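What the sequence shown shows, in PDB author numbering, is residues 4 to 19, 28 to 57, 61 to 221, 229 to 283, in sequence order. Beta carbons are placed, not taken as given, at the ideal position from N, Cα and C, and that holds for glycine.
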Amino acid sequence: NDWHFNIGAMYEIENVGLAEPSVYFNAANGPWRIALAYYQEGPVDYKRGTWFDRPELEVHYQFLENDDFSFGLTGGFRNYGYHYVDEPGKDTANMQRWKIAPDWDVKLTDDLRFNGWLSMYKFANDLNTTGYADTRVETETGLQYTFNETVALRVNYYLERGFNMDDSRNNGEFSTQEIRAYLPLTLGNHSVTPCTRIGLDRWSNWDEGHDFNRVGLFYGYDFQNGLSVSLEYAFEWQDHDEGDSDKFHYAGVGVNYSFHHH
Ligand SMILES: *CC(=O)NCCNS(=O)(=O)c1cccc2c(N(C)C)cccc12
Ligand SMILES: CCCCCCCCOCCOCCOCCOCCO
Ligand SMILES: CCCCCCCCOCCOCCOCCOCCO
Ligand SMILES: CCCCCCCCOCCOCCOCCOCCO
């Protein structure tokens, strides 16, 4: 069929600093898509501190794609390669993550749709060092009302939960529930998505713990020649000042190149 390829890169920054460069490549033909990525995370002022890398391979299969009903499945693999500095015990660790994730999209109306994905994760190796729960489920699922070709609203429920198959561990065991709202606007070559996340409930073993809000803004531009760029800002908080975990800032820049064959 037609071979569709993308290459791209991104740089993300977080603080209350973390610098996070990443690269990716994906390739698609008929129902099959394969994706490779490399991500790294560590202090802005690398003094210096703990960092890690995150090579990843994902494969996607589209079972069905049409107006009334679409569904597909992702399988993935990550290694998390940790390089500890200043911390009695270890110096490096490797933890793998295995992912199986169905996705779906079903029409309820000419303007209303039900869509989502669900993910099942296993984490293997060096879990004692790294603190993770060995099992995890993640889902974002909900409704999309389309106003017109320019504007759509999406309101999703989001759950992530951590479990331990090894019933003698509570390491990395948490729960998080959110409502997440988006308003993707398409304005010629410009894309703008305002988004919100409202904590419904969260508990974890590091307490985290009550009402956690995020507001953000994605800006995208397509040059109509294969190239596109992205810029995103996000602000997260608990309730500031005393509250408990107050403020967090996120900024990200990306470039994608899209080219085809056949
Ligand atoms: C406010 C907001 O983020 N809205 C959704 C963005 N949609 S997108 O264009 O697919 C996009 C762009 C850049 C990053 C994105 C992430 N990241 C976790 C970085 C996640 C989903 C979409 C997305
Ligand atoms: C096969 C042609 C691809 C050409 C793409 C060039 C630039 C984009 O890079 C995408 C590759 O993605 C990362 C690959 O996986 C990294 C493996 O890291 C292992 C380190 O231990
Ligand atoms: C602006 C987002 C609301 C889109 C609602 C789409 C419903 C179209 O079918 C008509 C159903 O009539 C019942 C009204 O339900 C409205 C839902 O609540 C409105 C937003 O709070
Ligand atoms: C752009 C349209 C967006 C409108 C939909 C927003 C819906 C947000 O709903 C959030 C519901 O929050 C419930 C709060 O949950 C905590 C309840 O208190 C329990 C503790 O006793």
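For residue 142, the secondary structure class from DSSP, reduced to helix, strand or coil, is helix. Taking C-beta atoms as the reference points, residue 94 and residue 64 fail to come closer than 7 angstroms. Of 250, 235, 272, 280, the smallest CA-CA separation from residue 266 is found for 235. Look at residue 159: its beta carbon is less than 6 angstroms from one of the heavy atoms in ligand 3.
According to DSSP, residue 243 shares a beta bridge with 249. Residue 208 is bridged by DSSP to 238.
By the neighbour-count criterion, in which 16 or more other beta carbons inside 10 Å mark a residue as buried, residue 109 falls on the buried side. In the same chain as residue 175, and ignoring 5 residues on each side of it, the C-beta atoms closer than 6 angstroms to its own belong to 151, 189, in chain order.
Proximity of the beta carbon of residue 156 to ligand 1 is not indicated: no heavy atom of the ligand is located closer than 6 angstroms.
Residue 53 has its CB no nearer than 6 angstroms to any heavy atom of ligand 1. Here residue 147 is buried: its Cβ has 16 or more other Cβ atoms, across all protein chains shown, within 10 Å. Per DSSP, reduced to three states, the secondary structure at residue 159 is strand.
If you keep only unbroken alpha helix (DSSP H) runs of at least 4 residues inside the region 92-156, you get 141-144.
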